[PDB]
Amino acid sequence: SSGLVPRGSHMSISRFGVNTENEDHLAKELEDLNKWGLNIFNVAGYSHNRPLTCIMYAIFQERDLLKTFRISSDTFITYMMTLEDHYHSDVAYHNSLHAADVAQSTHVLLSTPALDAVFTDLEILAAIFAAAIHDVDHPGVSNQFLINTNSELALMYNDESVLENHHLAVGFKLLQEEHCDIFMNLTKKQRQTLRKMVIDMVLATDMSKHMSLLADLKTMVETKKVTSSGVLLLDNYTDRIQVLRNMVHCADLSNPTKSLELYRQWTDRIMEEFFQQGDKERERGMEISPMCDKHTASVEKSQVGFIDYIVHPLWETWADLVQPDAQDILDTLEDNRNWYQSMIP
């Protein structure tokens, strides 16, 4: 059988989009599965554009989660393909590629030396799952757009974290489609605890919560306890879920910390989507939102501002918490900032 599937499994790699011509190219790419340098774009190209299902399957075999929580390859692949299918392919940034990137990045962060032996397999399961569903069924417009157009969703959720709540509703609702219950064999107590942790992590991806989230994290860094070997000590549930909230938030905001080659592609996609919203706003006779105007946009300048006000402050604190594990991410982020700095017209 293929090294891409569990030993003795009947699962066909062709089921999740991989041809024999790309098996080796993909397996090579997957040698970087546990590294920040992994190229999710190549993975997507080698799997008929199903990077989420592909990367999640690799992560779950790597972390032995299928065996730990008794999830069969069939159930897993059915759920993942169903979920990936619910990410809008025609949305420039928030499609399954973005989710695959967050999942993969979350996967790498969970293994940072400073956090070793901190999380239970269940917490690990919830973090990666949360990352995978965090933007499912995203429409390509912001919460404010949904609020202004009196979206059914916005009414339903009282204008509070409209998208995020929706991502959660969809992510869990799909567990009920045919052969999609990947949590069937967890105990009742485990499903309850996982639900709560996922809800927590996905709501924290709401940007309007960023400031509050960053503040709490800085407070934790202050009182952090560590072992002789230098490993973080997160005694209680509160500290663990707070770190996980921040971990997924960091993965969501990890574009500028990746190689410049990848970062630039991520930047083109987000700008393209923002412009899509810009056009939608014009078509509906609304005021064009900031940066959603392709005509008065300043891409380079905006990236620098995004890094100075949002990304750098967040990663500087994370780097602080898991010191010195994130120093490289910190340097790459700085190198990338200066590049965009130098490209401003």
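The first residue of the sequence shown is number 1, and the count goes up from there. By rigid core we mean the largest C-alpha set that fits within 1.5 Å across both forms.
Once the rigid core is used to overlay the structures in 8 other deposited structures of this protein, the stretch among 152 to 160 and 133 to 141 whose CA atoms lie farther from this form is 152 to 160. Between 115 to 123 and 170 to 178, the larger mean CA deviation from the shown form in 8 other deposited structures of this protein, after core superposition, belongs to 170 to 178.
Comparing 75 to 83 with 141 to 149, the higher mean C-alpha B-factor in the PDB entry belongs to 141 to 149.
Relative to its counterpart among 258 to 266 and 104 to 112, 258 to 266 has the higher mean temperature factor, C-alpha atoms as listed in the PDB entry. Across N39, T68, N34, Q276, the entry's maximum B-factor at the CA atom is seen for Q276. In this entry, the residue among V162, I199, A251, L213 with the greatest C-alpha B factor is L213. Ranked by C-alpha B-factor against the other modelled residues of its chain, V226 falls in the highest third. In the PDB entry, a CA B factor belonging to the middle third of its chain's modelled residues is recorded for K189. Ranked by Cα temperature factor within the chain, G8 sits in the middle third according to the deposited record. In the deposited entry, the Cα temperature factor of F183 places it in the lowest third of its chain's modelled residues. Ranked within its chain, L233 lands in the highest third, by CA B factor from the PDB record.
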